[PDB]
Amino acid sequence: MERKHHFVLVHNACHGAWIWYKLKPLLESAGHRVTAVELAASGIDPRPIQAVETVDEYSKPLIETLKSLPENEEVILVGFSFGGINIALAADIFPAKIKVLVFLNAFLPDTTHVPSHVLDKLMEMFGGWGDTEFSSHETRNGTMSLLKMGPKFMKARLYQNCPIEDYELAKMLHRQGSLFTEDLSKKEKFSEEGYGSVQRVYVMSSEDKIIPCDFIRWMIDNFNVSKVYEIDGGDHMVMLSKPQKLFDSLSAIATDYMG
C-alpha cells in the first residue's frame, strides 16, 4: 500500500486544535498520522493572550512540536488563516523537517517585505468587523492589539456554510487572540534559505468571506506556490463546513508529494 504521511495542523487566531476534530479522523482512517498543535493562549491552553506578548511566543508550541520529531522525519505542515504566518516562522527554523507547506485559506507571506506585509494589506481593505471587540494590552514589547470575534461577525464571515452545531461549538470555544501585526511589522524578513526553500501549495475555499479570492491571487502572485487546490463551496472554516473535501485536497497533496 502507498506510503502515508504525518500531517501537522495549525489553527487560526482565536481558535484552537479543536477546529480539526472532523478532519483528523478522516486523515487517520486513511492511514496518516496527525498532530493538531495547540498554540499559546489558544483553545484549552490556560494562559491568557495577554501573557503571550510576541508571535514567537505564540508559535512556540509548533516549533517545539517540530523540534521533537525524529531525525529525517518530514511533515506536511498545514497552516490555516493566521496559521500561515505560524508555519512560515516554523519553516525558517526547521525547513528540512517540512516536506510541503500547505497554506489553507491562509496568509502567505514573502521573503521581500516585513512579515506583516500581507496582513497589513488585507487590513487596509477588510470590510466590516461587525460586533468584534478590539482592545489593547501594554507590554514590555509595546502595545498588543487584541481581538475578540463577535458572534454576528463569526456567523456572517467565518461560519456561514457551517452546520449550526459547529457555529454553536465555536461560540463556546473561541477566545480573545491577536494577529500580532505590530510584532510582525518589525521582525526580520523571512529568509530565502529557510522558509523560501520549502515547497508550498495553497488550498482555497471558494466562499471564504474573510480571505477573498482576489486577495489570495494577489498573495500568490506576489509569492508563488507550486500548485493551487480549490474547495468548492468552502467557507473560511472549511475544516468544519467541507471536511470531506478538505480531506480530498490533502489526499491529493499527499499523492503529489509522495516522492
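Start at 1 and count along the sequence shown; that's the residue number.
Set 38-46 against 210-218 and average the Cα temperature factors; 210-218 ends up higher. For the segment pair 186-194 and 29-37, the entry gives 186-194 the higher mean B-factor, averaged over Cα atoms. Based on the entry's C-alpha B-factors, the most elevated value among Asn86, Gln160, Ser136, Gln176 belongs to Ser136. In this structure the maximum Cα B-factor among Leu108, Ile76, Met123, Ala91 is found at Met123. Placement of the Cα temperature factor of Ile253 within the chain: middle third of the modelled residues, per the deposited record. Among all modelled residues in its chain, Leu69 ranks in the highest third by Cα B-factor. Among all modelled residues in its chain, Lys152 ranks in the middle third by Cα B-factor. In this PDB entry, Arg140 carries a Cα temperature factor that places it within the middle third of its chain's modelled residues.
The entry lists a Cα temperature factor for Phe180 that places it in the middle third of the chain's modelled residues.
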